[PDB]
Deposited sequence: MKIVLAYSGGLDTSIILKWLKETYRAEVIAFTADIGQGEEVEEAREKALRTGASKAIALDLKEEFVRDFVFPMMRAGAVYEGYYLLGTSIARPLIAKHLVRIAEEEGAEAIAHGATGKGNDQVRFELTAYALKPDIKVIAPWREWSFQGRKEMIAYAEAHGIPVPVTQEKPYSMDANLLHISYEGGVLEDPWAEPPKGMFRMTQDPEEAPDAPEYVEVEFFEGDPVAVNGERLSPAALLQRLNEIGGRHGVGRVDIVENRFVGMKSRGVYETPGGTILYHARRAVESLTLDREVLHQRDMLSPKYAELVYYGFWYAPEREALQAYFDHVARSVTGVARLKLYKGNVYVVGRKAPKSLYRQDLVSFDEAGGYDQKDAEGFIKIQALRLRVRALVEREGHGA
């Protein structure tokens, strides 16, 4: 029996790698994906072999991530509950996609992940795992093992030679999320020094910095006149936005599984892209199209947040969003200053910006007012 494990190299997945060998007497194949966590994925691939993996795979998926997940999601103008740019949500479908692919190539009947038994992550991983390969078997140790506490896990780890090292994290090219610990009290401001991807706004440059982003077809293709591949482009905007402390969010969100959770997110590059995209759309999109699109975005956002990426509903809405996005061509000019992003200019080859006279307006008014007058008259 073989099992493909989503291995990140941490303590837990290392413990899980041992547990799987022991518990299922199976051969474990480790898979580590580089999606911009800023760690040396090769060190994880090696540590997996040291921990007992019968094979360790490590792939650079940054380009695929941005191009096939982040970009399509951004085209939809997806925002969860007013602020969340969904950094963790769009990433999971990618990992799971590869776990299933690898499992098929290696002839493995099962895949495994170390997402906890009470969070949303497990749902995200498995929803796409089941959607891509319906008969795959999933093993989620956090739902099957008996461990009573951390102390016992630490002890278990020491027993197996696994090296043991105030809040949880998750980082990738789109963002870094923080929760748990000091963050669990929604009335307590995040601690000083927690942020890693972005500079403290109070420590940001005293001079604002301008940046231009070009869109060709719904997708950003250049920064300050330099053409850049999808991953390279997000990276660049993370640097520029990060240096200024842009893209910070502090919310209490509604979980799909549990109840409410307090999360802090920094999405410098994506935050810039969000306003840059809308800046171009303000010249290129038709009014009614824009209004309909924005009324569908929230639905799309929750689908991504819940984990229904490879679900027919999300793909259906995507056809709509992509159709609209095809018109988004032009350049956005923004001004970055101490935590804030300001749209300062926009232009487009097919801008709709600058057919009737005043008498025309009077007629429009009269026709629009008719049902209101009748109603008023009827209220007698």
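Novice: What residue ranges of the deposited sequence are absent from the coordinates?
Specialist: According to the record, the gaps fall at 166-170, 360-369, 396-400.
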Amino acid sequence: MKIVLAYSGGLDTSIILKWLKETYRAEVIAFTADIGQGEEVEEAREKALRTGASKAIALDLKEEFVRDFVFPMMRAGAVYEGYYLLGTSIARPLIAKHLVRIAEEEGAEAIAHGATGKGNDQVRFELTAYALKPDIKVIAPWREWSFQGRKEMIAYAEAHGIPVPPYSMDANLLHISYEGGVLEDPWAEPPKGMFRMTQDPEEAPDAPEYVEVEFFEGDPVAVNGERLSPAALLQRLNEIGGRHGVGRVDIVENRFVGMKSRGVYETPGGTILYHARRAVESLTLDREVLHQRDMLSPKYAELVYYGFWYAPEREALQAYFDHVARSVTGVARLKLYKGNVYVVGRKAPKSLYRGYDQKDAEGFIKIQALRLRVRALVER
From here on, numbers count along this sequence of modelled residues.
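Just so we're on the same page, rigid core means the largest C-alpha set that superposes within 1.5 Å between forms.
Novice: Given a rigid core fit, name the stretch, 289-297 or 118-126, whose C-alphas are on average farther from the form shown here in 6 other deposited structures of this protein.
Specialist: Between 289-297 and 118-126, the one lying farther away in 6 other deposited structures of this protein is 118-126.
Novice: Which of the two stretches, 252-260 versus 227-235, has its Cα atoms farther on average from this form in 6 other deposited structures of this protein when everything is superposed by the rigid core?
Specialist: Most displaced of the pair in 6 other deposited structures of this protein: 252-260.
Novice: Can you tell me which stretch has the higher mean Cα B-factor, 204-212 or 114-122?
Specialist: Taking the mean C-alpha B-factor of 114-122 and of 204-212, the larger value falls to 114-122.
Novice: So, looking at the entry's B-factor column for Cα atoms, which has the higher mean, 168-176 or 279-287?
Specialist: Looking at the record's C-alpha B-factors, the answer is 168-176.
Novice: Of the options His323, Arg333, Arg354, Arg314, which has the highest CA B factor as deposited?
Specialist: Result of the comparison over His323, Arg333, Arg354, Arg314: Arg354.
Novice: Out of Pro220, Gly270, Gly307, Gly258, which one has a C-alpha B factor higher than all the others in the entry?
Specialist: It is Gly258.
Novice: Tell me, lowest, middle or highest third: where does the Cα B factor of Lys366 rank within its chain?
Specialist: Middle third by C-alpha B-factor.
Novice: Check where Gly87 lands among this chain's C-alpha B-factors and tell me if it's the lowest, middle or highest third.
Specialist: Lowest third of the chain for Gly87's C-alpha B-factor.
Novice: Could you tell me which third, lowest, middle or highest, the C-alpha B-factor of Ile139 occupies within its chain?
Specialist: Middle third, going by the recorded CA B-factors of the chain.
Novice: Among all modelled residues of this chain, ranked by Cα B factor, put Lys151 in the bottom, middle or top third, i.e. lowest, middle or highest.
Specialist: Its C-alpha B-factor, which the entry lists for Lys151, ranks in the highest third among residues of this chain.
Novice: Where does the C-alpha B-factor of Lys62 rank in its chain, lowest, middle or highest third?
Specialist: Its C-alpha B-factor belongs to the middle third of this chain's values.
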